[PDB]
Amino acid sequence: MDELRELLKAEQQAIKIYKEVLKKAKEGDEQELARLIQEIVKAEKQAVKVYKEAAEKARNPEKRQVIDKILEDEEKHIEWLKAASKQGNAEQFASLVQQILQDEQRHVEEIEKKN
Ligand SMILES: [Zn+2]
Ligand SMILES: [Zn+2]
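Take 1 as the starting number for the sequence shown in PDB author numbering and just add one per residue.
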């Protein structure tokens with residue numbers, strides 16, 4: 001019923017790791033990225049599992065009012081990270097890292113709305 005109180009922590013944590021990866025993407029420190037993109041992949045991978053399980057645990061319409069809406073962005077983002085990792089190119093990667101960071105920065109307000 002009230003899983004959104006731990007999903008708030010997950011969104012705050014997701015912003016804080018995307019903030020680090022953005023600095024590494026602008027530094028061009030690709031030997032850190034080869035052992036750190038796995039952690040933003042895990043931020044989405046955890047979200048698509050926990051939000052789907054939280055929808056099955058839902059018992060209140062207001063504490064359910066954003067679960068599926070945030071999940072619909074995470075199901076997009078987990079596929080964008082695959083494309084960004086297999087196109088064979090990273091010319092504009094930091095722009096996408098910030099474009100996902102800015103989306104987690106709205107999810108952290110939506111998940112808090114009915115706390
Ligand atoms: Zn995401
Ligand atoms: Zn999110």
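Heads up, the beta-carbon is just placed ideally off N, CA and C, and yes, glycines get one too.
DSSP, reduced to helix, strand and coil, places residue 36 outside both helices and strands of the structure shown, so it counts as coil. The shortest CA-to-CA distance from residue 13 to any of 41, 28 and 69 is the one to 41. Chain order is used for the residues whose beta-carbon lies nearer than 7 Å to a heavy atom of ligand 2, namely 11, 14, 47, 70, 73, 74, 103, 104 and 107. When the beta-carbon positions are compared, residue 47 and residue 74 come within less than 8 Å of each other.
In the DSSP assignment, residue 57 falls outside any alpha helix (DSSP H) and carries neither an H nor an E.
Excluding residues up to 5 positions away in sequence, 1 lie with their Cβ nearer than 8 Å to the Cβ of residue 59 in the same chain.
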